[PDB]
């Protein structure tokens, strides 16, 4: 799950580079991910 | 009372009256009259795009193409400026051509509307600050004391009860004014609160208006381009007091706290009695002997002529205390009881889009203002200083057109009085948002070239006063993070536009309310509690990355 550093600001904390190979990530990150809409978080950045 | 939900009927009497009666009621010498005044007057208008069959259609302009439009519509009167014959190009109806349509337009409207301001408590309010808030509080107080009240402002129009007739542009001509006045007169209302705007009193309107109470809340120097000299500012604004002619049914509410209160009084009929409000100046008829202001609490022990009364409310703002003082003084002018005054004051808990405190189970006060001038943000910042909270964040909007000289000093006062600042993209209908964000810092001492060379190294800067930098464009995420900053008992201003329930970014128009998003974010604060490390400056909202 790549992180594109680009023109848009990075109010989302930190950057990360990519991490998706663990079977736990199916339901681990959703507790931490999104939490406010779907397109307003996932589609802003961290593209695949 | 009866329904409280169904719309009240538009009880407008269709006035029936003839042109000769118009000329006799308002004797104006004709310059381009022809034939005979054999015509029945059915309506009234000034602008051809709103002209229907049978209206006045009066406005000063030469060689207008709107004459043919009114002829097609069928206006009873069609008079802009030009001498025009009958039965060939304006055969719709007869002509009553006057020398100056603007001069006789209030007169013609009053004669047609049977001069409705005499049968009402038409109140004009002058000043610079708190005009809309004063109108709101006065109308709430007047509605509380067992009588209906109206509203004639530039931001809103409350016919009666709670229905709002759509607010038009800043100031139309007196045709619309008298139309809505007839609506007030014959829709169950018995009073109106009229804002004495500079454009209103300048454009020959107050000549045919009967003013019952004239109020002077506060004075400040603004729009000096129109008021080229302070003498013109002090005299044109004093025309409100000059309209006073009967010192037995009319009263004067004056602000002796301001220096030129006797000067304002002396501009016409000082016999009309003077009732004064002032907080810092205790030598006033109505004075808050005890004054206390907090972020969520406000206490006022005010010694009105009736006596000493306690007013407790969360409506903060020292100028708001001045405004409440003016309201109770106005109530004293009509002899209203203190209990009704308190009922009217408490009848409003959040005036629309101005100083709108939002407390959705939180300790950080969400507050918005009109904020169309940097001095408004400066004033709110001084109020915040007087109401010192823990941490200060102010979300700063932008400037619509090429007025680039405001945002330097705006950012100066913000960064000087706020520990952490924030910016957004509120109104940038002229240029690209990136350029607008670039212009935000243009006159005070810091250069955005550092914003060029970020490289994950400039994210932690401490601007001049060690305060924090700020940058963003997405309004939704900006306000979401702004509400998301609030940790415990800090200041969370997200102001910048006020009651503007939309968002423009150059060439966009959609639905967007700041207050609704603020309460929604206060609701998702519960989800926000699950994380929130690395809070202070930058960045935010993403855990498990350290």
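The residues B:224, B:398, B:197, when put in order of fewest to most other Cβ atoms within 10 Å, stand as B:224, B:197, B:398. Averaging Cα coordinates gives a centre for region A:1-20 and one for region B:176-231; these two points are 56 Å apart.
If contacts are Cα pairs under 8 angstrom and at least 6 residues apart, what is the relative contact order of chain B in percent? Walk me through the numbers on the way to the answer.
Numbers: 1038 pairs, mean separation 52.1, N = 546.
Relative contact order, chain B: 10 percent.
Label sites at residue B:28 and residue A:47, each approximated as a point 7 angstrom past Cα along Cα to Cβ, lie 6.5 nm apart.
Report the FRET efficiency, 1/(1 + (r/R0)^6), for residue B:444 and residue B:339, where r is their Cβ-Cβ distance and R0 is 45 Å, rounded to 0.05.
Working: r = 50 Å, r/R0 = 1.12.
Calculated value: 0.35.
Go ahead and run the numbers for FRET between residue A:8 and residue B:37, Cβ-Cβ distance against an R0 of 56 Å, rounding to 0.05. Intermediate values should be presented prior to the final figure.
Details: r = 70 Å, r/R0 = 1.25.
About 0.20, to the nearest 0.05.
Sorting B:243-253, B:23-33, B:479-489 by their mean Cβ neighbour count within 10 Å, with the most densely packed peptide first, gives B:479-489, B:243-253, B:23-33.
Where only DSSP H runs of four or more residues are counted, the protein assembly as shown gives -8000 deg cm²/dmol as its mean residue ellipticity at 222 nm, each run worth -39500 (n - 2.57). Subtracting the Cα-Cα distance of residue B:20 and residue B:533 from 0.36 nm times their residue separation leaves 176.7 nm of extension gain. Each peptide in A:25-32, A:9-16 receives the mean, over its residues, of other Cβ atoms within 10 Å, and ordering these scores from highest gives A:9-16, A:25-32.
If R₀ is 41 angstrom, what is the calculated FRET efficiency for the pair residue B:546 and residue B:164, using the beta carbon separation as r and rounding to 0.05? All intermediate terms of the calculation are to be shown ahead of the outcome.
Working: r = 52 Å, r/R0 = 1.26.
So, using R0 = 41 Å, E works out to roughly 0.20.
Would you mind checking the tilt of helix B:174-186 against the longest principal axis of the Cα atoms of chain B, expressed as 0 to 90 degrees and rounded to 10? Result, in degrees: 90. Placing a label point 7 Å from the Cα of residue B:297 along the Cα-to-Cβ direction, the residues of region B:366-384 with a backbone N closer than 20 Å are B:366, B:384. Take the Cα of residue B:60, step 7 Å toward its Cβ, do the same at residue B:199, and the gap between the two points is 1.7 nm.
State the extension gain, in nm to one decimal, for the chain segment bounded by residue B:119 and residue B:431, taking 0.36 nm per residue of separation less the distance between their alpha-carbons. Could you put the intermediate results ahead of the total?
Details: separation 312, 0.36 × 312 = 112.32 nm, distance 5.03 nm.
Extra length available between residue B:119 and residue B:431 comes to 107.3 nm.
Restricting the count to DSSP beta bridges whose residues both fall in the protein assembly as shown, what percent are antiparallel, rounded to a multiple of 5?
Details: 20 of 48 bridges.
Rounded to the nearest five, the antiparallel share is 40 percent.
The long axis of helix B:514-528 is offset from the longest Cα principal axis of chain B by roughly 20 degrees. In terms of its C-alpha gyration tensor, region B:173-219 comes out oblate, because a/c is 1.5 or above while a/b does not outweigh b/c. Relative to one another, the C-alpha centroids of region B:452-527 and region B:265-339 are positioned 36 Å apart. Find how many whole Å separate the alpha carbon centroid of region B:95-154 from the alpha carbon centroid of region B:10-56. Cα centroid to Cα centroid, the span is 21 Å.
The angle between the Cα long axis of helix B:475-485 and the longest principal axis of the Cα atoms of chain B comes to about 50 degrees, rounded to the nearest 10. Antiparallel beta bridges, as assigned by DSSP with both residues in region B:210-326, represent about 60 percent of the total such bridges. For chain B, the share of DSSP beta bridges that are antiparallel, to the nearest 5, is 45%.
For chain A, a/c is not less than 1.5, where a ≥ b ≥ c are the root eigenvalues of the C-alpha gyration tensor, and a/b does not top b/c. That puts it in the oblate class. Averaging the sequence gap over all C-alpha pairs within less than 8 Å and six or more residues apart, then dividing by the number of residues, gives region B:1-145 a relative contact order of 20 percent.
Here the simple spin-label model places points 7 Å from the Cα toward Cβ, and for residue B:236 and residue B:520 these points are separated by 4.3 nm.
Just so you know, all these numbers are worked out from the coordinates, no wet-lab data involved. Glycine also receives a Cβ, built like all others from the backbone with ideal geometry; neighbour counts cover every protein chain displayed.
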